[PDB]
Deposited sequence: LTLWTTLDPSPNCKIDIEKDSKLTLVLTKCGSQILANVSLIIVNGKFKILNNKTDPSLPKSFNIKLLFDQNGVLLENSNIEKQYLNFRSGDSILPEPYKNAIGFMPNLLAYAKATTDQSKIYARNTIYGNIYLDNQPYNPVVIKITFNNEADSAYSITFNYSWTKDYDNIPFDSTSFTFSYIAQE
């Protein structure tokens, strides 16, 4: 079964301003593993067009945080509202889609950190060009005031000069809680 966003271009996400972006996320449960497919289009706000070269105050990284309550429902501090993830019909409780707590343990301590296995790195590309890389860093169960979390960190090193944040797709998997 599948927990997913809509697939259209309509925004569902706040990075900078309300509804400035569309995170397209498809989570497919394949037994003990979630098969995940993600893309990001930014449609408004300061990250729509990366102007790092002409705006030194613009960040070169941002997060999209899916903070889940114990039930597997999004919490308000997430970048996406809980209504924007639904089950796909005959092809709540979403604990079967949550990142496994034994594989991806929370930091033990204020002064401890997670194991690196809680993280996946990938490279995605802006405006469909191989010379516009962005590092996508996906971390499990590393957020305060949440039962489970999936955090998508987007970061880049190039002083991009009017490049639209229209990202290529990325596939990954993670171990499911149950």
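- Of the deposited sequence, just the range 92-98 has no C-alpha coordinates according to the record.
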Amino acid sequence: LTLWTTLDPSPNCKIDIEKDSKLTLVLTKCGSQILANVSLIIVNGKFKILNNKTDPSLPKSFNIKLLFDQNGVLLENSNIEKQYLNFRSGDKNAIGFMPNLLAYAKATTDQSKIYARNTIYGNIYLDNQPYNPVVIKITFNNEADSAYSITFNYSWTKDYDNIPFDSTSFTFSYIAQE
From here on, numbers count along this sequence of modelled residues.
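- The question of which stretch, 109-117 or 127-135, has the higher mean Cα B factor is settled in favour of 109-117.
- In this entry, the higher average B-factor at the C-alpha atoms falls on 65-73, of the pair 65-73 and 33-41.
- When the modelled residues of the chain are ordered by C-alpha B-factor, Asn162 sits in the highest third.
- Compared with the other modelled residues of the chain, the Cα B-factor recorded for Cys13 ranks in the middle third.
- Remark: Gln177 belongs to the middle third of its chain, ranked by C-alpha B-factor as recorded.
- In the PDB entry, a CA B factor belonging to the highest third of its chain's modelled residues is recorded for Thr2.
- The deposited CA B-factor of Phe87 belongs to the highest third of values across its chain.
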